Amino acid sequence: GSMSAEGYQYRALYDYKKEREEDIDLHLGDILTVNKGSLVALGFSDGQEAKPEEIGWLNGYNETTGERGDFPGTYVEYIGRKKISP
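Quick note: the sequence shown uses our numbering, first residue 42, plus one each step.
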């Protein structure tokens, strides 16, 4: 209805394979989505949500594969956000 994303999004940069049961399979064009106003999803309290370069592990889900797990903040690229960061 709002005609917008249901949280913050990221875009995969390179194909990564999962080596841990805690991680999931990552491919190209695969966009990840997180929460919208509960950054405590990660236990974070900065409010940055834009420079994965310093962020360690991000937890989200890949709608394309309906999968859910954790991924590093170096193989993806922050792209889009809700109005929580003017």
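C-beta atoms are modelled at their ideal positions from N, C-alpha and C, and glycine is treated no differently.
Residue i classed as buried or exposed, judged by whether at least 16 other C-beta atoms fall within 10 angstroms
| i | result |
| --- | --- |
| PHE85 | exposed |
| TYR49 | buried |
| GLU118 | exposed |
| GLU47 | exposed |
| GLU90 | buried |
| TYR55 | exposed |
Pairwise C-alpha distance: residue j and residue i
| i | j | result |
| --- | --- | --- |
| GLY88 | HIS68 | 27 Å |
| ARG61 | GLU94 | 22 Å |
| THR74 | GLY110 | 11 Å |
| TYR102 | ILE120 | 15 Å |
| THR106 | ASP66 | 9 Å |
| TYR57 | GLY42 | 34 Å |
| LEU80 | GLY114 | 15 Å |
Cβ separation of residue i and residue j, assumed to be a contact under 8 Å, to the nearest whole Å
| i | j | result |
| --- | --- | --- |
| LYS123 | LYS92 | In fact, because the Cβ distance is near 17 Å, the residues do not count as touching under 8 Å. |
| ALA53 | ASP71 | 5 Å |
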